[PDB]
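Novice:
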Amino acid sequence: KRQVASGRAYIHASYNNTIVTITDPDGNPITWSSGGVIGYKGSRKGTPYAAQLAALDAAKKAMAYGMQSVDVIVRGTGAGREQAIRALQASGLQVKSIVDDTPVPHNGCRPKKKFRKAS
Amino acid sequence: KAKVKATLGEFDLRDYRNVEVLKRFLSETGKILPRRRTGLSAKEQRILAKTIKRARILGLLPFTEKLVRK
Amino acid sequence: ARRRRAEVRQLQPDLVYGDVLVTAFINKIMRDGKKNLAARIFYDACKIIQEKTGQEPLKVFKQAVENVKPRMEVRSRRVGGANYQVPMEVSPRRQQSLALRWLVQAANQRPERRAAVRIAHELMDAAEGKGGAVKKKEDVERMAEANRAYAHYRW
RNA sequence: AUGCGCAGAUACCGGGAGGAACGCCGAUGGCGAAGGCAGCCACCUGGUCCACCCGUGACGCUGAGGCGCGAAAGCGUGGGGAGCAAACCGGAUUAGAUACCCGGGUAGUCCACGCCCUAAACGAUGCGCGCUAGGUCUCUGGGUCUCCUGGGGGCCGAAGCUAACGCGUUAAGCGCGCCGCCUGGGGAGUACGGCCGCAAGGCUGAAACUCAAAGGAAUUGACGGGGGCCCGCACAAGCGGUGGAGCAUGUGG
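Going down the list, the sequences are from chains K, R and G.
Going from the first sequence to the authors' numbering is simple: count from 1 and add 10.
Going from the second sequence to the authors' numbering is simple: count from 1 and add 18.
Going from the third sequence to the authors' numbering is simple: count from 1 and add 1.
#1: Residue ranges of each alpha helix (DSSP H) run of no fewer than 4 residues wholly in the region 21 to 88 of chain R, ordered along the chain?
#2: Taking its Cβ as the centre, do 16 or more other Cβ atoms sit within 10 Å of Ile75 (chain R), making it buried, or is it exposed?
#3: Taking 8 Å as the threshold (beta carbon to beta carbon), is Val39 (chain R) in contact with chain K?
#4: Does DSSP classify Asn26 (chain K) as helix, strand or coil?
#5: Would you mind sorting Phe125 (chain K) into buried or exposed? The rule is 16 or more other CB atoms within 10 Å of its CB.
#6: Report the residue from K:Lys123, K:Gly88 and K:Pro58 whose alpha carbon sits nearest the alpha carbon of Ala152 (chain G).
#7: Check whether the Cβ atoms of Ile49 (chain G) and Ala117 (chain G) sit closer than 8 Å, and answer yes or no.
#8: Helix, strand or coil: which one does DSSP assign to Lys71 (chain K)?
#9: Using the rule of at least 16 other Cβ atoms within 10 Å of the residue's Cβ for burial, across every protein chain shown, is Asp67 (chain K) buried or exposed?
#10: For the alpha helix (DSSP H) holding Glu67 (chain G), just list the boundary residues, first then last.
#11: Let me see if you follow: with CB-CB separation under 8 Å, is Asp111 (chain K) close to chain R or not?
#12: According to DSSP, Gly17 (chain K) sits in a beta bridge with which residue or residues?
#13: Mind reading off the beta-carbon distance from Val105 (chain K) to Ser16 (chain K)? Whole number of angstroms is fine, and I expect it under 8 Å.
#14: Can you tell me whether DSSP reads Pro39 (chain K) as helix, strand or coil?
#15: Would you say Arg79 (chain G) reaches chain K, if we count a Cβ-Cβ gap shorter than 8 Å as a contact?
#16: Can you tell me the Cα-Cα spacing of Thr54 (chain G) and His122 (chain G), whole angstroms?
#17: For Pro58 (chain K), which of helix, strand or coil comes out of DSSP?
#18: In its own chain, which residues sit with a C-beta less than 6 Å from the C-beta of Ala61 (chain K), not counting the 5 before and 5 after it?
#19: Give the interface partners of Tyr59 (chain K) over in chain G, defined as CB-CB distance under 9 Å, in chain order.
#20: Give the straight-line distance between the Cα atoms of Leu85 (chain R) and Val84 (chain K), rounded to the nearest whole angstrom.
#21: Does the region 32 to 41 of chain R touch the region 60 to 70 of chain R, meaning 3 or more C-beta pairs lie closer than 8 Å?
#22: Across which residues does DSSP place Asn84 (chain G) in a beta bridge pair?
#23: Spell out the partners DSSP gives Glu90 (chain G) in its beta bridges.
#24: Rounded to the nearest angstrom, what separates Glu52 (chain G) and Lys55 (chain K) at their Cα positions?
#25: With a threshold of 8 Å, are at least 3 pairs of Cβ atoms found where one atom belongs to the region 94 to 106 of chain G and the other to the region 61 to 78 of chain G?
#26: Which term fits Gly132 (chain G), buried or exposed, when burial requires 16 or more other beta carbons within 10 angstroms of its beta carbon?
#27: Jot down the residue ranges of each uninterrupted alpha helix (DSSP H) in the region 86 to 140 of chain G, minimum 4 residues, whole runs only, in chain order.
#28: For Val21 (chain G), which three-state DSSP category applies?
Set out below in structure tokens:
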């Protein structure tokens, strides 16, 4: 399969799970992983450890395509943000630079009762 | 810190084209800085917020940036 | 222990090898304050380590213990819901406590009829690293790993 | 768990459509009579503050009724419909769960035009004017710009007031003018009548009967599935036991 020397690592870190997708320099997925993709189920998929496993899985899967360094892009604030980040650093696979690009409306749609409790 | 007013001489804070000055009033996330940081007065900051927004619509200033190294 | 930290109660050196670790182990052998009978056993058992191997008892001993100390274990914990086996590092003083306790328990689990033998063969099977003590010790260590997912709760 | 995903979803990149709301600035901030008002730009338009001391010459205050405005939800006609979400459809939970949690979802939320006219529509404090120490923070004018001097917003608090809590030149002080309103609790914002409304219902608003109270503020306790800080073999850490057997002993039957 194609050689991609470097590209991008997206950490989507939610309260409920962490997913990691790895892409070529243009943002087309190369491989991905997650708490479900490792063995875990439901609640455990959250957990900083799941995050680690998943980041590591996604990286190792991607080094297979001879990928060797990445830019990191984090999204969410969630139990596993920084484990996913430390994991990519410790994965070999050189981490060029971390950016947080979590989205935020410039006040937009009414949220679900769940995320409104502050009246 | 430093105060962003203490870094300049006379500037027309109604001049919505002066990106070089106007820009020094945004964060690294490109958000209008609080007065805690700008060192302007209420009256002034009111006129600034108005001019920056104009610059923005014109394409000369950001609405947001991504935070680098988080 | 609400007020204090409680001093690690300090023990009386082994009157025969000169080792605090030994007395400790003699005490764990003791039943109803029969300290005499207890030491008979430990020593008669050091007897059975020469009579069976070339090396010094104090050495088999020190070593058997070393293998039986666990490095991590699960401590139970309250969370919003039910409970969590939370793995965490096991403090040196406790490591020791657990080792000895386990050696003596594992010993009296064995089949041979006379105590000094049981103690000895267990001590021997331990430094070689295959006693039922080292077993119920890898069970702990393994179980602390099973639960590696919850290691973000350690106080 | 329901649910969605191999008709390839989640995550990621590019393009498009659409609806709704405006992040930072943002404040202890401002504006309005209230309701209320927040991206930016134009236009149309209301109020208001200061300085000058120029004009009129008491032209003032208040205001039964009338008329107008009036959050949300709701009504009618026609649009719109992204996200949210009564009802409703499911999944959990539970002793049950017509709920809290989870997945869906219609009205509605949005616009135009016409209704409705309510509220913890609150500062729970009608409007105007005069008088009665100060300190400090703040928005906005002016001056001879340490400061001084107007008009807002705050807090502390002279005198004084108050049942107390508090209030205190933004009065709940000292006074005058005018309006509105109260007269023990339940029955009841109910019945009846009238008026209004397309409807929902609104405004006005009783009686019989019944009670010895209903109430306000503060006090000392006690209590909290409130908070802080402490302690005890209280828990944890251990070591040996009872619960099982036989018997001894006390007890219930």
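Backbone N, C-alpha and C define an ideal beta-carbon position, used for all residues, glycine too.
Specialist: On the basis of the coordinates in this document:
#1: 37 to 40, 53 to 56 and 60 to 75
#2: Answer is exposed; the Cβ neighbour count stays below 16.
#3: no
#4: coil
#5: exposed
#6: K:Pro58
#7: yes
#8: Residue state, collapsed to three classes: helix.
#9: buried
#10: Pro58 to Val69
#11: Yes, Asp111 (chain K) counts as interfacial toward chain R.
#12: K:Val80
#13: Contact doesn't hold; Cβ gap of about 11 Å is too wide.
#14: strand
#15: no
#16: 11 Å
#17: helix
#18: Cβ within range, chain order: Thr28, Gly90, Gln93 and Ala94.
#19: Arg149, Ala150, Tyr151, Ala152 and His153
#20: 10 Å
#21: yes
#22: G:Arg79
#23: G:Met73
#24: Answer to the nearest angstrom: the Cα atoms are 56 Å apart.
#25: yes
#26: buried
#27: 93 to 108 and 116 to 128
#28: Three-state result, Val21 (chain G): helix.
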